[PDB]
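Given next, in structure tokens, is a single chain: the form deposited in one PDB entry.
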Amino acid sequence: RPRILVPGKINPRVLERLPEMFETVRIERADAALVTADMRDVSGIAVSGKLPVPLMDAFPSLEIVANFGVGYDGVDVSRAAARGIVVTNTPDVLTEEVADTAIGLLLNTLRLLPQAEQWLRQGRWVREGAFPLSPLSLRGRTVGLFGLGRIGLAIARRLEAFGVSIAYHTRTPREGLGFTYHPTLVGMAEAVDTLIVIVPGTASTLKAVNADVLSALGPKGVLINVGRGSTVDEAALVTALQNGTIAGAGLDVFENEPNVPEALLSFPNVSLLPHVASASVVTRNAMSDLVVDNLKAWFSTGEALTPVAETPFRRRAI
């Protein structure tokens, strides 16, 4: 039985299923200092969140890192690729759930539904009367998708049924789609009033949503981020909201989670979520299964189910 390390917290469903084929080794945090000599025969890792390189490099027989999540920016994939270590993620099983969350965050940002519920709950409806009318609406809006992969496309499909115009920006266009392609992010922003960020947390997208992009978005502009916090210049966003450069924002992700800058918490036109895009029991169970099934497919057939693009590897064993 190959020995699989699980560092820090993970969904119990992963832990429950590992014993189908593996021996599990647990450490309470993703920290190289917790590794003992008895753990040097570890062949795989299952992890949610950050995998620091020194921890990854504590294991000479490491073959595979199974990442819990579609995003795998916590794993140093360049260093894993250099060591011949396959990295897997969890795409597809969460696509529709993340897309639903995106829509719910957008509607909450535009229509202030969470604030309206607080108004009611605080007893305000009875004595101060109706919750104020939301200055914004989805009606008449034009939505620009920054990124348009499996999730971006699922969001667009939902948006078509709400009667809004859809545009998108990607490095290279997609043939056979009726949505307006924009070759630049800034160009798309000028054209639209609602910008939904749904790209990976890469070097290429770092602070891509910046002062200029927000300024082009305009004074009715709404920013929704369900991608990675690093993609938005958090300082420029705060300034833009302060100045009324844009009208509102809804954020599921932040530069340095779980910390959210105090200035963002003060705005009445902002909706904030603690990275809940895939966070339902059913979808996290499917994600858990895919982490485990990837490990099982690797060790039993030598082919992972959902290796990442940087590591299209096949298992070599003596």
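Quick note: we count residues from 1 along the sequence shown, nothing fancier. Throughout, rigid core stands for the largest set of C-alpha atoms superposing within 1.5 Å between the two forms.
Unshown form deposited in another entry; subsequent notes refer to it.
Enquirer: Using a rigid core superposition, assess whether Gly229 undergoes a CA shift of 2 Å or more between the shown form and the other one.
Expert: For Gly229, whose C-alpha is compared between the shown form and the other one after core superposition, the shift is 2 Å or more.
Enquirer: Could you check, with the core superposed, whether the Cα atom of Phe59 shifts 2 Å or more between the shown form and the other one?
Expert: Shift of 2 Å or more: yes.
Enquirer: Establish whether a shift of 2 Å or more occurs at the C-alpha of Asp293 between the shown form and the other one, with the two forms superposed on the rigid core.
Expert: Not so; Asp293 is displaced by less than 2 Å.
Enquirer: Please check whether, in the other form, the CA atoms of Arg13 and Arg228 lie closer or farther apart than here, given a change of 3 Å or more.
Expert: Closer: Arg13 and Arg228 approach by 3 Å or more in the other form.
Enquirer: Closer or farther: how do the Cα atoms of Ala286 and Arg228 compare in the other form relative to this form, given a change of at least 3 Å?
Expert: Compared with the form shown here, the C-alpha atoms of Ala286 and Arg228 sit closer together in the other form, by 3 Å or more.
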